[PDB]
Amino acid sequence: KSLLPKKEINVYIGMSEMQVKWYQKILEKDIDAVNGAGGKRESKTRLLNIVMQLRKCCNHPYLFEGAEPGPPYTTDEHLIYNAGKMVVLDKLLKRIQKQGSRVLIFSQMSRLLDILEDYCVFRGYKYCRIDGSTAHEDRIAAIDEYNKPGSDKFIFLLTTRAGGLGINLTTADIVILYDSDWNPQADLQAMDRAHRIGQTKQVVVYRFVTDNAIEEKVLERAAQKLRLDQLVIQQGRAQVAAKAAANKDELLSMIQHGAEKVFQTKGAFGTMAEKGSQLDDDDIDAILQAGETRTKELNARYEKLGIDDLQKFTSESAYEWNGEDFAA
Amino acid sequence: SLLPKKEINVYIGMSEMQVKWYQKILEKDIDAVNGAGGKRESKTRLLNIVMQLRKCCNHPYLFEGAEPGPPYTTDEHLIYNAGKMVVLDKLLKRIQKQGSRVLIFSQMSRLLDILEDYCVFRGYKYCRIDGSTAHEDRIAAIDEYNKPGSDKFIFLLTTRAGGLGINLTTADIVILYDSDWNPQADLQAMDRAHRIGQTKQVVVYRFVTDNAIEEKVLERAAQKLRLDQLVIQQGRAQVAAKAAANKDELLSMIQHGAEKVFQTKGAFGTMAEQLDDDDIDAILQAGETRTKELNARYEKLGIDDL
Amino acid sequence: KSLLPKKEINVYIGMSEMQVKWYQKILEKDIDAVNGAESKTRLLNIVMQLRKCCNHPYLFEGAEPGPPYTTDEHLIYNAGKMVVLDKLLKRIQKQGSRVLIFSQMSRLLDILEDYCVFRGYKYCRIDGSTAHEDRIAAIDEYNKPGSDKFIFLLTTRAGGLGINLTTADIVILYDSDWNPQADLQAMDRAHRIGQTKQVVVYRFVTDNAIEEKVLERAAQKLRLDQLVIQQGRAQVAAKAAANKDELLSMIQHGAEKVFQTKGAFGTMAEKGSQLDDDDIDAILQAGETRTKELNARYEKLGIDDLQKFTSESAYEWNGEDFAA
Amino acid sequence: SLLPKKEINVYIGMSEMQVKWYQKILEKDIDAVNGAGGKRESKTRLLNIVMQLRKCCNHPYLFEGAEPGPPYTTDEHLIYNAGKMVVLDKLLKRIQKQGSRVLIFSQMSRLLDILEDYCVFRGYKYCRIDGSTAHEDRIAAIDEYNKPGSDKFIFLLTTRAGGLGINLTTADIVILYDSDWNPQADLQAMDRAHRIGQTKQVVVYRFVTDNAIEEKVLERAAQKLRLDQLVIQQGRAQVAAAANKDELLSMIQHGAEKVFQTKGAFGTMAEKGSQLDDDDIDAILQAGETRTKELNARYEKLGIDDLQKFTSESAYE
Amino acid sequence: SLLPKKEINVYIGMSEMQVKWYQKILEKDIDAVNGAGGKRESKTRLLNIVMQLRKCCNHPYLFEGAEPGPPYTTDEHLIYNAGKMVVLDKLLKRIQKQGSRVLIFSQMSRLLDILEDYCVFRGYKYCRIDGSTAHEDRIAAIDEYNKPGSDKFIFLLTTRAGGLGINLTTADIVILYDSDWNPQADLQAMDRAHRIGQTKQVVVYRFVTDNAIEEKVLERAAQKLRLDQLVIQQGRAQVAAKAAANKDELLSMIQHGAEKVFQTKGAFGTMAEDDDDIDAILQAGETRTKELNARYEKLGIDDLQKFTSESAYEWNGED
Amino acid sequence: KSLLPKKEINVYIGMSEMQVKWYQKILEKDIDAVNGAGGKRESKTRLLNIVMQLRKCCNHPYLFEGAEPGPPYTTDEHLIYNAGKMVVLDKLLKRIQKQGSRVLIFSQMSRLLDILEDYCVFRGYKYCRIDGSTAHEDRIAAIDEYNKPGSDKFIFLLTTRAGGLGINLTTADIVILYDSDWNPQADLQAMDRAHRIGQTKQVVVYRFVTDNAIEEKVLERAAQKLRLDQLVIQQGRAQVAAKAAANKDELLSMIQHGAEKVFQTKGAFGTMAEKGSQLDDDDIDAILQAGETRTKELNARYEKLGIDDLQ
């Protein structure tokens, strides 16, 4: 049946006033590793910490302790307007629900789904959730429930690496990657919970990216690895074809090539029909002239195919689901 | 400075005698040639026709009972019975004319026997390596052919025994009487002359029987070479996709927008304009545009950029 | 939706008189290694030759009656599996069922192709040498409502990912893969989400020959894969830290009784602050009793009964694409 | 012969003073106790409650301002204000009466400080390794308690302090005042006295505050201990999931004698002869499904101790 | 058919003003220039001396208070106080004369701020991307410059800015005002115009201050450029050593001497026929040993490599 | 100290009549796989069997059951003249002992070392033996016995496996590789049991090769892998230098370059001193011509170097 192609749209988001303060605080508390304008010997382990904190900052400041306003602690509108992605998500969901669409929301951090849980309840959004800490008995009680006709649910919160292989939520039509994995195929699996065999509508995938921050550069580094995986796949295709021996169909065309022309011939063949006896070097000059012409033509035919045009036997893309399931 | 070698496919026809045997091989197994028999059949039946058709495009005397009956004599008939022997004779006479020396490779040592009788009949000085030739013996043939002021002119070799790392740059023309299914095997043969130590332009002539089985053998071996150089070309692809990020890649990830972050006193761009749906539908509109250009910019990229 | 569990039946098959001659010839041509004397490379050749004999003698060159090679009933009665297959397929067609036939050897599908033509069986084929556009042409031509095709020949390691042939309800494994996970992929081309009828899988096994022994070793590795799965689940749960809910249940435990308590709590209330030896003997007696009962509850939890979060099993498909 | 140790959970209540402090700890943050607030709250708030309840189940004097007002004395209130101290006092008394010596482990060093004041109050000779104790100190502390005819009686340690392989077999009783979150830690503390060189039966008493937080803590550790055993017992599974010489030899030899015996066709073929009516096929499928059930029901029930191939099996002879 | 790119180092001197600042920098830190600190002292002190000399080789106005005192008016002094501006001024003039369009890259955006002022003073229509430029902003700059009938003539870029795979083949000349420490960064810049779509000959000009720090930087980049190729060239060697013998190798191994073996009815050479015999074998054996090693220990990766199509055994050459 | 380089000499050896019969029989017992092919799945495993049997024949016919003249067995000269390598070994050892040299003999097959033991006893040669899989303490006992001053031993039988164990056998000066390992580094690891720090005399290594047989063809393939190991080693060194940042000494050379000439200059520098203004396009052509000239010269210096230089 017709499975409509997925719309992958990067939606670039800014940062709240609070996010900027923490993003600055993260960079300042370890500015020597950031600057690289001195020794530049500083270890990568120190940078992996800076990267991880800046990714939490792009998601929500409340993941940092001491960020959220002191007592009284309450779930109000500040849970949204203090995170750029929450503001965009809040209005994105408001439009999504009115058009009769249901959305799966994925994330790298389960503690972010916790924020989304408080958000979903605060707005009256019916939801389900799979962490990878939620059991299979409870899994099937929610995924296989979520799909049921007349469902009360609207949002389904999952971690990108929940692991569920062959779990199908085609009754939802929208996929939101709140944050992105460093392995694009991990995000591809999360998409292929709705964009797989069983889906009847157009699947749209929104990938939140904090513009002009670390998340924008990661997106550009993700496209490289995603592109390089295609080259590795294509190189594998050329390797198999180069290692392939001739089949009887390949052998038959070689035997049959010109066999009728030989059966038709009753005198000499080709060049020997031209002369046969060793005549002028003008004949050799004509052959070497015609041979060099056909040689360049042969080289042009195969020098113009190249990678990315290699014949497709298996339909594997770097831009479709691995088939592997991912657990954190 | 080593000049790039010129390679020319010499498309050659067959003599009247070759056509008789070529039809004989096709007829005595016409059921297989017409595409009959079980799909389960062992590949031996078609591969047997291939070797016979290859032996025919080479020289009919490879078949028993072909050469004019007893007694057997070496005359001009050793030449005018094979389309390749005709072209080779004039080509050799013209190669010796301009002062060039030649290496002649072949898949079949039973053909180098025919080329041996031809060299004696024409009075050509020569050396020969079969693969049945021993080590010290094929060293002497190297030294004899490479000696300054060498009496020898032709060097007969098998494509098998040629590619070992040896040097024969005292010859500047290579003649591949027939081609190997493995493209590198012929490439190694050309590199006996086209390697460091060569002072002149190496030229390679590849005898190919037009409109016969060797013309299709050529296309297969040419494809596999194009597949080969694509894999080698891509070799760096596997490890670059495995690599954990460079420390300078990490630094660029952290430094991305650090200035604009510090310059801010309020919030960043999107939060600077709570926003109306006028903004969200305009944000999604501009977002898809940036995605399209990003994917298009990278999808067409080769590995040299990456 | 309801997906009926697959019925897997081993069909034990004998060998024709021709197979016995070759099976003996293989064992005799290297009886030295069969006897016991060190390189497994010599044995790995014997194994592969015996598998070919269990499949079909015509895979050996010179076995089929000499030229011309005619396709008749001898293509069937010279192979034990072919005799069973011809009558099995005949019954399969009569009950309105369509069958996917897998094999490890593409040259065996070549034999099955000649069989299908000899019997008038419409077929399709995916050899792992089949173009994508040629594969999708065979998939659709077999699945289209009111299709004329009846048999679909595939290699077990054809490597098609997510291929859907749910319009067939019978899968026949002509020979078995050394990795049971590869065969489970071939089954899950008919037995997958979309299947409406009862999937029956017939696994041909040459009885009292090498194929019967391979069948037993496959079940051992199949169970060992299940044990690794269970060790993984038990490992993940063992390193897992407490949830906010798990910490909460620890804090809330007995909190009501403490708020309920005005004076002292438990042991200090039962006999306060000064304990004779009769008091200690009662605590230690009940304490050792509750310790044994507590250990017994946890000593009964084996690997085979672990809290599964993801529901993988060595007896279902890995999702792994087996393109060899 | 090393006797298997006796591990006993001794379930203890709380004094009137502990109930007051236990209630205050639950009251000062009753919102988190009832599971209120957002699900986004970090683990820090609940874990702080766990710490306070753990200290309260140990001894109330771990909270400042708990011990009876100034001036401060060390008397019987140090025993009767904590339920674990009351049980320990008669337990230690009975231990010395039977000629036994005891190792007392704890998670908190501030509790060993309380136990120090107890040991001086009752006149017990003791040693102490803290984990905040220098290397040469604990060496002398080990030797002091292990000296033949040692004056000491009680050895106070923290469950982690000493390090691997230290030997305290001159004691035969181990008292875990409070338990650890990972069961290997407590298990290593028992094996300070339960190891080669121990002559007498090692008995381990584990103090557990019944109907409070420590009983619920204990169940989790007992679970994590049971999980570890299943992993370790199944550690042979991945290395088993190649082919031995005998495995390859058995595949080829299987039924080979019956093949050499056969002159015509094999089983299914000799009895029926390449022609099969419906009744013959029906027997083939009924026999196979029966053999299939018995085969699967035999292997899907097995365990690692049956699948594991000994390394001596490769010693083909 | 993509034409190979002309790469030319154009060696330039310094104005009188630059010689002053080049001396002032070396003077104010004369001890480190003579090498004063111990091995423990970090590279920061010397690296800073390097950057100041780099800034001095580009334009003196990169230092504060260098340009003639306020008010700061853009005139000819902006050009004739920097040796590279003097060369660029006539080179751009000739480039536009023959209808050629130029990409100018730089390591420092503050110099692009100077080239920004130069273009206005000369009336050059231009674009600019810093990497501080937004995605949508630099996309529009890409399209504007690549527009058919574009008004722009110069494109100002920082060497790292653009990203990966942007196309600016609507220009044909590349000018690297100052070089990168990493050779594959300047190489990336040239291939923004030297790539698919380029119809004309791409000329690459690299400003190199002769007898200064940039002359010595130029050599180190070319060395790292050579080592980059040698490691790419020998890249397949690791896969070649892992390779197990394919069918042809095993077949040729078995077939070696088989014909002569079957013909032999007695024994082989040695056994068919003294210590004069053994001394002759060791003598002839060392002779055969030297030649074999000399042949192989000179070989390279082109010869020793096994192509992928080698594994696809089709047929024997002789049967 | 002075460690004289090792003499590595291939000793090309023929085959006895008995070897020829078995070598023919091995090739004949599966000739269809040899001359032609089977399935690509079948042929490769089928050929690997032929290779292993052909090497056993090149080593000794008695490795095959029923080959040795009809049992009961006996150690005579027949144990020697029935294997080509044994005949060469018999006369080499006779010369080796008289020149006051002791020899380590390596082999891939312990059943061949079993043959060598019976040979050594048949000739009266005192020996030791370390077999692949010999107990560690027993494995130490032979090293000490063979090396002890005034040792009685003359031959040391080893498997190439038990060579690379960090053992030191410098009291011997001759190494005989009865047969060769497929991994060239394994044989090279066997030579360094005698040719290492502690050796005072000239180490000579004899590598037995059955000429015009499979062992001669292996010699060519093994030499290729030996060169490929050198290329990977060199790629690693070139990779480190490319990854290496500048030294404090490297930076010092960059700062000082031309600094004295700058201090020497009172006006403007080379191009600006020659002209200095916006002058003729003849001036620009003079720079660009010399610039293209120096670029061709600059690239030429570094395009000369190769993976074999790195200096």
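Residues numbered from 1 in each chain as written, not as in the entry; some residues may be left out. Chains lettered and ligands numbered in written order. Part of a larger assembly, values for the part shown. Heavy atoms only, no water. Residues with missing side-chain atoms left out of burial classes, pairs and counts.

This entry lists X-ray crystallography as its structure determination method and reports a resolution of 3.009 Å.

Participant: What exactly am I supposed to notice about the overall build of chain D here?
Facilitator: Of the regular secondary structure elements, chain D holds 15 helices and 6 strands. Radius of gyration (C-alpha) of chain D: 31 Å, far over the 20 Å computed for a compact globule of 317 residues. If you line up chain D on its principal axes, its C-alpha atoms span 105 × 60 × 35 Å. Split into buried and exposed, the 317 residues of chain D put 50% on the buried side. Counting only carbon and sulfur atoms, one obtains 49% of the accessible surface of chain D, whose full area is about 15,400 Å². With 43 positive and 46 negative side-chain charges, chain D shows a spacing of 5 Å between the two charge centroids. (Helix = DSSP H or I, 4+ residues; strand = E, 2+ residues; numbered from the N terminus. Rg over C-alpha atoms; globule rule 2.2 N^0.38 Å. Buried < 20%, exposed > 50% of the residue type's maximum accessible area, 1.4 Å probe, protein only. Areas by Shrake-Rupley, 256 points an atom, 1.4 Å probe, with all protein chains shown as cover. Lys, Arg positive; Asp, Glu negative; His and termini not counted. Charge placed at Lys NZ, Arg CZ, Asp CG, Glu CD.)

Participant: Sorry, what's going on with the overall build of chain A here?
Facilitator: Within chain A one finds 14 helices and 6 strands. Over its C-alpha trace chain A gives a radius of gyration of 30 Å, far above what one expects of a compact globule, namely 20 Å for 328 residues. Referenced to the eigenvectors of the C-alpha coordinate spread, the extents of chain A come out at roughly 110 × 60 × 30 Å. Counted over contacts in chain A with a minimum sequence separation of 6, partners at least 24 positions apart contribute 78%. (Contact = heavy atoms within 4.5 Å.)

Participant: How should the interface of chain A and chain D be read in this particular structure?
Facilitator: Quite often, the size of an interface is put as the accessible area lost when its parts meet. Taken together, the 11 residues of chain A in the interface contact 6 residues of chain D. Taken together, both faces of the contact between chain A and chain D bury some 720 Å²; the carbon and sulfur share is 34%. On the chain A side of the contact with chain D, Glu 65, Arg 111 and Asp 118 of chain A bury the most area, a combined 53% of that side's loss. In this structure, the connection of chain A to chain D is made through 3 salt bridges. Across the pair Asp 118 of chain A and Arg 40 of chain D runs a salt bridge whose closest N-O atoms are separated by 2.7 Å. Counting across the chain A and chain D interface gives 8 residue pairs in polar contact. For the side of chain A that touches chain D, a count of residues per class yields 3 nonpolar, 2 polar and 6 charged. (Buried area = accessible area lost by both parts, 1.4 Å probe. Salt bridge = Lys/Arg side-chain N within 4 Å of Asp/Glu carboxyl O. Polar contact = N/O pair within 3.5 Å; in protein donor to acceptor, adjacent residues only side chain to side chain. Nonpolar A, V, L, I, M, F, W, Y, C, P; charged D, E, K, R; others polar.)

Participant: Help me understand the packing of helix α11 (residues 247-255) of chain E against helix α3 (residues 40-59) of chain F, please; the structure alone is not making it clear to me.
Facilitator: Each pair of packed helices gets described by two things: the angle between the helix axes and the distance between those axes. Interaxial distance between α11 of chain E and α3 of chain F falls to 10 Å at its minimum, and their mutual angle equals 35°. Crossing hand, α11 of chain E versus α3 of chain F: left-handed. Here α11 of chain E contributes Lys 247, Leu 250, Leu 251, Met 253 and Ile 254 of chain E to the contact with α3 of chain F, which in turn contributes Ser 43, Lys 44, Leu 47, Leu 48, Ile 50, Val 51 and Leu 54 of chain F. Counted by class, the contact of α11 of chain E with α3 of chain F contains 9 nonpolar, 1 polar and 2 charged residues. (Axes fitted to C-alpha atoms, helices over the stretch in contact; angles between N-to-C directions. Left-handed = near helix turned anticlockwise from the far one by under 90°.)

Participant: Can you walk me through the environment of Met 52 of chain A in this structure?
Facilitator: Position of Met 52 of chain A relative to the elements: it lies in helix α3 (residues 44-59). Its relative accessible area of 42% is what places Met 52 of chain A among the partly exposed residues.

Participant: Explanation requested: the interface of chain C and chain D in the structure shown.
Facilitator: Taken together, the contact between chain C and chain D spans 105 residues of the former and 105 residues of the latter. Across the interface of chain C and chain D, roughly 9,600 Å² is buried in total on both sides, 67% from carbon and sulfur atoms. Taken together, the connections running from chain C to chain D amount to 11 salt bridges. Note that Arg 290 of chain C and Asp 210 of chain D form a salt bridge whose closest N and O atoms lie 2.4 Å from each other. Our count for the contact surface shared by chain C and chain D stands at 36 residue pairs in polar contact. Counting residues per element, the side of chain C that touches chain D draws most heavily on helix α9 (residues 210-239) of chain C, at 20 residues.

Participant: What should I look at first to understand the environment of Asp 144 of chain F in this one?
Facilitator: Examined against the element boundaries, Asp 144 of chain F turns out to sit in helix α7 (residues 136-147). Sequence-wise, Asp 144 of chain F and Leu 169 of chain F are 25 residues apart; in three dimensions their C-alpha atoms are separated by 9.2 Å.

Participant: What should I look at first to understand the sheet that holds strand β3 (residues 126-129) of chain D in this one?
Facilitator: Strands pair in a sheet through their backbones, by hydrogen bonds, and they do so in one of two ways: parallel or antiparallel. Sheet architecture is open: 6 strands sit in the order β1-β6-β5-β2-β4-β3 (chain D), paired in parallel fashion. Since the sheet does not close on itself, it has two edges, and those belong to β1 (6-12) and β3 of chain D, each with one partner. Taken pair by pair, the neighbouring strands of this sheet meet at an average axis angle of 20°, ignoring direction. Relative to strand β4 (residues 154-158) of chain D, β3 of chain D runs parallel, the two being bridged by 4 bridges. Along β4 of chain D, the bridge assignment pairs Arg 128 of chain D with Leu 156 of chain D. Set on the sheet, helix α13 (residues 277-299) of chain C makes contact with β1 and β6 (203-209) of chain D; between it and β1 of chain D the angle comes to about 115°. (Pairing = 2+ DSSP bridges.)

Participant: Got a minute to help me understand the packing of aromatic side chains in this structure?
Facilitator: Between two aromatic rings, the relevant description is the distance of the centres plus the angle of the planes. Applying the stated rule across the entire model yields 31 aromatic pairs over all chains. Centre to centre, the rings of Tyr 124 of chain B and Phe 153 of chain B are 5.4 Å apart; their planes meet at 50°, and the pair counts as tilted. On the criterion of sequence distance, the pair formed by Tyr 124 of chain B in the loop between α6 (109-122) and β3 (126-129) and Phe 153 of chain B in the loop between α7 (135-146) and β4 (154-158) is long-range, its members being 29 residues apart. Across the pair, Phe 153 of chain B and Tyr 124 of chain B agree in class, each one buried. With centroids separated by 5.1 Å and ring planes inclined at 55°, the aromatic side chains of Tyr 142 of chain C and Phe 152 of chain C adopt a geometry described as tilted. (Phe/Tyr/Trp six-rings, centres within 6.5 Å; stacked < 30°, edge-to-face > 60°.)

Participant: Just checking my understanding: could you explain the packing of α11 of chain E against helix α9 (residues 214-243) of chain F for this structure?
Facilitator: Contact pair α11 of chain E / α9 of chain F: the axes reach a minimum separation of 7 Å and the direction vectors enclose 140°. Taken together, the axis directions place α11 of chain E and α9 of chain F in an arrangement best described as oblique. Residue-level inspection shows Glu 249, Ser 252, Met 253 and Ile 254 of chain E of α11 of chain E in contact with α9 of chain F, the latter providing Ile 214, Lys 217, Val 218 and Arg 221 of chain F. By residue class, the composition of the contact of α11 of chain E with α9 of chain F is 4 nonpolar, 1 polar and 3 charged. (Parallel < 35°, antiparallel > 145°, perpendicular 65-115°, else oblique.)

Participant: What should I look at first to understand the pairing of strand β6 (residues 203-209) of chain B in this one?
Facilitator: Regular strands place their side chains on alternate faces of the sheet. Residues and elements named next belong to chain B. Of all 7 residues in β6, 7 are buried, a share of seventy percent or more. Here β6 shows two buried faces, one formed by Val 203, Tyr 205, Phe 207 and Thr 209 and the other by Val 204, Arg 206 and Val 208. Sheet topology places strand β1 (residues 6-12) next to β6; 7 bridges connect them, and they run parallel. The residue bridging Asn 9 from the neighbouring strand is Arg 206, located in β6. When strand β5 (residues 173-176) meets β6, the two strands line up parallel, connected through 4 bridges. Within β6, the residue paired with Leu 176 across the bridge is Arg 206. For the crossover that starts at β5, traverses helix α9 (residues 183-190) and ends in the parallel β6, the hand is right-handed. (Right-handed = clockwise from strand over helix to strand, strands pointing away.)

Participant: What should I look at first to understand the side chain of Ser 43 of chain F in this one?
Facilitator: Following the sequence through the fold, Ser 43 of chain F ends up in helix α3. Once residues within four sequence positions are removed from consideration, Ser 43 of chain F is found in contact with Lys 247 of chain E together with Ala 37 and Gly 38 of chain F.

Participant: Please explain the arrangement of the chains as it appears in this structure.
Facilitator: The closest approach of any C-alpha atom in chain C to one in chain E is 14 Å; the two make no contact. Left apart from each other, chain D and chain F have a closest C-alpha approach of 13 Å.

Participant: What is the right way to look at the pairing of strand β4 (residues 155-159) of chain F in this model?
Facilitator: Residue and element names in this part refer to chain F. Of all 5 residues that make up β4, 5 are buried, and the element is covered over most of its length. With burial as the criterion, each face of β4 is covered, one bearing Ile 155, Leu 157 and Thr 159 and the other bearing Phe 156 and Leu 158. In the sheet, strand β2 (residues 103-107) pairs with β4 via 5 bridges, with the strands oriented parallel. The residue of β4 that forms the bridge with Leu 104 is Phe 156. Bridge count between strand β3 (residues 127-130) and β4: 4 bridges; the pairing is parallel. The residue of β4 that forms the bridge with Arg 129 is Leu 157. Chirality of the crossover, the property in question, places the unit of β3, α7 and β4 among those that are right-handed.

Participant: Explanation requested: the sheet that holds strand β1 (residues 6-12) of chain E in the structure shown.
Facilitator: All names here are of chain E. On the basis of which strands lie adjacent, the open sheet formed by 6 strands has the order β1-β6-β5-β2-β4-β3 and parallel pairing. Both outer strands of the open sheet, β1 and β3 (126-129), are each paired with one neighbouring strand and no more. Put simply, the sheet's adjacent strands are angled 20° from each other on average, direction ignored. Along the sheet, helix α5 (residues 83-97) contacts β1, β2 (102-106), β4 (154-158), β5 (173-176) and β6 (203-209); its crossing angle with β6, the most-contacted strand, is approximately 160°. Set on the sheet, helix α7 (residues 135-146) makes contact with β2, β3 and β4; between it and β3 the angle comes to about 150°.

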